[PDB]
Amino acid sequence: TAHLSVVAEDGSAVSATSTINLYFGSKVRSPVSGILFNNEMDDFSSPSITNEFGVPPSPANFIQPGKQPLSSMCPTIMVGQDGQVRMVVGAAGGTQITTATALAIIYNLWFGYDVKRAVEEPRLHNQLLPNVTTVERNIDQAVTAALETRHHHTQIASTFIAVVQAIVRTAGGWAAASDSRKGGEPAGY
């Protein structure tokens, strides 16, 4: 999954999340065309397959011909009452896309973090099932303590949680950030 954010000079914007699902998708590459095919079928729920320990199949998300599988993706645009774009944001990187997108928005809109800090700030994730709070390696350990004393079982992500690309309107113009977890960098004029 990859996320891209664009603001043009006229103030129009695009938030674009695109995907072949898991890393290298189906692992089926055409030797002739070079196309690497998705494994988007895996985003469906299946009655036979046991998803997690204790996690049941969700009948709303079973395979049918011509049906689209549920997705964690959430490409988002925030527009101010005056009609000007305030933020262009989205995430990539698996099951944690929606919570990473929420965190980027919370960080900038509420905590007052500038866009680069909002993108780089440590993240955490809980999705109910499974029943565990994942935190990034460099999370403020007072947060870890505050979670544990409130009975969360936390664990540390062995790599990183999601990948966020974002743009935010400032006094200075359009402030852009790409997530160093993946190594991207913005460009503009």
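Residue positions are given as counts along the sequence shown, with the first one as 1. In this text, the rigid core denotes the largest set of C-alpha atoms whose superposition between the two forms falls within 1.5 Å.
Between 90-98 and 111-119, the larger mean CA deviation from the shown form in 9 other deposited structures of this protein, after core superposition, belongs to 90-98. In terms of root mean square C-alpha deviation after superposing on the rigid core in 9 other deposited structures of this protein, the stretch standing farther out between 47-55 and 34-42 is 47-55. Higher average CA B factor: 151-159, of the stretches 24-32 and 151-159. When 13-21 is weighed against 171-179, 171-179 comes out higher, by mean CA B-factor as recorded in the entry. For the set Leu129, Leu124, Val164, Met41, the PDB entry puts the maximum C-alpha B factor at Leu129. For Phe37, the recorded CA B-factor ranks within the lowest third of the chain. Only modelled residues enter the ranking. Among all modelled residues in this chain, the alpha-carbon of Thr95 has a temperature factor (C-alpha) in the highest third. When all modelled residues of the chain are sorted by CA temperature factor, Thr101 is found within the lowest third. The PDB entry assigns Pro65 a C-alpha temperature factor belonging to the middle third of its chain's modelled residues. When the modelled residues of the chain are ordered by C-alpha B-factor, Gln84 sits in the highest third.
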